[PDB]
Structures are given as C-alpha cells and as structure tokens.
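Peer 1:
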Amino acid sequence: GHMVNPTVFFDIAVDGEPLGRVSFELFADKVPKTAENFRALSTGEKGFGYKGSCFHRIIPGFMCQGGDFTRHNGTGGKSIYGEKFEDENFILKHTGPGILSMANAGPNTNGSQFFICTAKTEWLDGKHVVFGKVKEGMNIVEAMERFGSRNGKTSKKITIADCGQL
Ligand SMILES: CC(C)[C@H](NC(=O)OC(C)(C)C)C(=O)N[C@H]1Cc2cccc(c2)OCCCCOC(=O)[C@@H]2CCCN(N2)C1=O
Numbered sequence: 095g096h097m098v099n100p101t102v103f104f105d106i107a108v109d110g111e112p113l114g115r116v117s118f119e120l121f122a123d124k125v126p127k128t129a130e131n132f133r134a135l136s137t138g139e140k141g142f143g144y145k146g147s148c149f150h151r152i153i154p155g156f157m158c159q160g161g162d163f164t165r166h167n168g169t170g171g172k173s174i175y176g177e178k179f180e181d182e183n184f185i186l187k188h189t190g191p192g193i194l195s196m197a198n199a200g201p202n203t204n205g206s207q208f209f210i211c212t213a214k215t216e217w218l219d220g221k222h223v224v225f226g227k228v229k230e231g232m233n234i235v236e237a238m239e240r241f242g243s244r245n246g247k248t249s250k251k252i253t254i255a256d257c258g259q260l
C-alpha cells in the first residue's frame with residue numbers, strides 16, 4: 095500500500111547508563127534517498143551503522159551531532175551508497191527543535207553524520223538536507239543536551255546503545 099514514512103529509534107546511554115529512547119519520523123515521502131540512508135544505518139542491515147556510536151558534539155541551545163561511527167570524533171562516517179551522496183533537495187526547512195538534518199563538508203557531501211536541532215536553525219536552510227523529525231522522546235534529547243558545552247565537548251559519553259526500526 096501507500097509508503098508509510100519509517101519510524102526509527104535510538105536508545106541513548108550516558109556513561110553506559112540507560113537514559114531513554116528517541117524516535118524519529120523519516121520523511122521518505124519527500125527525501126527518499128536521504129531517509130533510506132538513515133533508516134538502513136539505524137537497523138544495521140548492511141553490516142554497519144549507528145549502533146554503538148556516540149554523539150561527539152553537543153552545543154546547548156543549538157544541536158546534538160552524531161553519526162560518525164567510523165572515527166568517533168566528527169572526521170569519519172559513511173553512507174550506504176559506497177560514496178558521499180548528493181543533497182537530495184532542500185524542500186524541508188529547519189523550523190525548530192527536533193528537526194533531523196544532515197551534516198556535511200560542502201555541496202553534495204552527505205555521509206552518515208547528522209544533527210538533531212534543539213533550537214530553530216533557519217540559517218542552515220538550503221545548506222543541510224532536512225530529512226526527519228523527533229516523534230517521541232524530545233525530552234531525552236533535552237536531557238542529552240545538558241551534557242554538552244559551548245565548544246561542543248560532552249561532559250559524559252553519550253552513546254547510541256541500541257537502534258532500529260519500529
Ligand atoms: C560532517 C563532517 C564531515 C564535517 N566536516 C567538515 O566540514 O570538515 C572540514 C571543515 C571540511 C575539514 C562537519 O563538521 N560539518 C559541519 C559543518 C558546520 C555547519 C555549521 C556550523 C559549523 C560547521 O561550525 C560552527 C558551529 C559549529 C558547531 O556546529 C557544528 O560543528 C555543526 C552542526 C551542524 C552539523 N555540522 N557541524 C556540520 O555539518
């Protein structure tokens with residue numbers, strides 16, 4: 095039947111202690127290639143993905159950034175496409191907290207890194223591809239955010255202990 099936008103979850107831990115679950119709606123109806131990359135990385139079905147990775151940069155009042163499952167510090171990551179991939183479109187905008195958007199290193203350089211906004215970040219519109227939004231557990235993102243700092247360094251280790259598709 096109709097394509098239902100997928101829902102994926104992250105189970106977050108703080109220094110190894112469970113914190114809670116964040117679930118996301120992925121806008122496969124509007125950005126199918128970008129949504130599918132994140133979905134498959136969340137299930138691990140290609141043999142790699144987000145499980146066990148960390149949020150390396152958290153800036154209170156701005157965003158939480160993760161998805162570097164290869165180098166754990168913001169210098170790595172990889173997509174499911176064998177190469178960094180194009181900015182699919184910029185239809186969706188950075189409208190407020192909970193927006194899920196791709197990190198990148200220039201035009202058409204999407205990999206696996208992403209960020210969850212904790213504020214409206216409209217100056218990123220047309221530069222970063224928005225492809226989902228927090229569905230449930232924004233409170234867990236708010237709890238994660240408290241472990242960030244001005245320069246983004248986290249004061250405790252924030253990990254994706256489990257993830258997958260609901
Ligand atoms: C994803 C990796 C590969 C990539 N690497 C990179 O481009 O490497 C060089 C510079 C070529 C060698 C990167 O880090 N991309 C950054 C660019 C950016 C955007 C906006 C502001 C930035 C940097 O900096 C000011 C505020 C920083 C704290 O916000 C952040 O760090 C942001 C938060 C949104 C997601 N976000 N990171 C990125 O998409």
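Okay, so the sequence shown: first residue is 95 according to our numbering, each after it adds one. Positions of the beta carbon are idealized from the N, C-alpha and C atoms, including for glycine.
Please state whether DSSP places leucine 135 in a helix, a strand or coil.
Peer 2: helix
Peer 1: On the DSSP letters alone, give me the boundaries of the beta strand (DSSP E) that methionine 196 sits inside.
Peer 2: Its beta strand (DSSP E) spans residues 193 to 196.
Peer 1: Alpha carbon to alpha carbon, how far is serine 195 from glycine 95?
Peer 2: 27 Å
Peer 1: Measure the alpha-carbon distance for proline 126 versus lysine 172 and round it to whole angstroms.
Peer 2: 17 Å
Peer 1: Compute the distance between the beta-carbons of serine 117 and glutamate 230, then report whether it is under 8 Å.
Peer 2: yes
Peer 1: So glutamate 216 is in the beta strand (DSSP E); what residue range does that whole segment cover?
Peer 2: No beta strand (DSSP E) holds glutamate 216; DSSP gives it neither H nor E.
Peer 1: Determine the DSSP secondary structure at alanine 237, reduced to helix, strand or coil.
Peer 2: helix
Peer 1: Can you check DSSP and say which residues form a bridge with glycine 160?
Peer 2: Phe208
Peer 1: Helix or strand or just coil, what does DSSP make of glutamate 130?
Peer 2: helix
Peer 1: Rounded to whole angstroms, what is the Cα-Cα separation between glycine 170 and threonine 164?
Peer 2: 5 Å
Peer 1: Return the residue from the list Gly205, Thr189, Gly143 that minimises the CA-CA distance to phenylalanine 179.
Peer 2: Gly205
Peer 1: With DSSP as the reference, please indicate the residues paired to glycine 114 in a beta bridge.
Peer 2: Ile106
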